[PDB]
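Per UniProt numbering, the very first residue in the first sequence carries number 139; after that it's consecutive.
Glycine is no exception: its CB is placed at the ideal position from the N, C-alpha and C atoms.
Please read the structure below before turning to the comments.
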Amino acid sequence: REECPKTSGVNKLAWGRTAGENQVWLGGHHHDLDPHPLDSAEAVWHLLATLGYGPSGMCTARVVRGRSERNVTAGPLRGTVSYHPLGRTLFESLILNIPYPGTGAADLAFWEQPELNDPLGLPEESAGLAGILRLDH
RNA sequence: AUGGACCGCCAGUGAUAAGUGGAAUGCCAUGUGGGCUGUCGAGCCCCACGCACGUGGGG
């Protein structure tokens with residue numbers, strides 16, 4: 139929230155919503171001027187999408203200790219089809235969704251991290267299931 | 001008023017140059033169209049004349 143002078147805007151986050159320079163033609167016209175704010179629930183949906191698939195293009199810059207490279211990387215599984223098996227209810231389906239964690243270091247997710255990530259440095263590896271479920275960072 | 005409403009795929013362009021289908025070839029040999037046969041009274045009207053048998057002029 140600090141170190142970022144310009145807000146990206148709701149239209150840049152949500153998918154199917156024409157961001158600032160996009161051509162506005164399809165997916166509802168949004169002039170990026172007085173944009174109708176998304177409800178929080180749909181905001182969570184678009185959020186989860188962006189953490190998964192996300193534009194690999196350069197975006198809003200963030201100076202971090204003197205370094206501003208508005209360049210942004212690509213999503214971790216950008217452009218692939220995920221396969222989740224189902225049952226008759228969400229219960230047994232979610233249970234079959236659990237991948238077998240190989241024996242290794244205990245791991246924790248991004249939303250389970252007691253530490254706030256430092257942008258610089260190496261994203262350390264993670265043998266735990268939270269690192270092979272692509273939710274460590 | 002519909003995963004919809006609004007909405008160009010589009011600006012340019014020789015298919016070009018050349019070329020015998022050519023040499024030879026009888027549809028030939030045979031055949032009645034025949035018998036019968038003469039072309040010899042309604043015609044519609046007006047008028048004139050008449051011996052009322054018909055005669056004559058005009059359409």
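query                                                                                                          : result
Host alpha helix (DSSP H) of residue 269 (start-end)                                                           : 267-270
Integer Cβ distance of residue 247 from residue 268, believed to fall under 8 Å                                : 5 Å
4-residue-minimum alpha helix (DSSP H) runs that sit fully inside the stretch 141-182, ordered along the chain : 148-151
In DSSP terms, what residue 205 is bridged to                                                                  : 202
Meets three-Cβ-pair contact criterion under 8 Å: the stretch 140-153 and the stretch 181-200                   : yes
Host alpha helix (DSSP H) of residue 231 (start-end)                                                           : 228-235
Inter-residue spacing [alpha-carbon to alpha-carbon] between residue 236 and residue 214                       : 19 Å
Rounded straight-line distance, which links the Cα of residue 168 to that of residue 175                       : 11 Å
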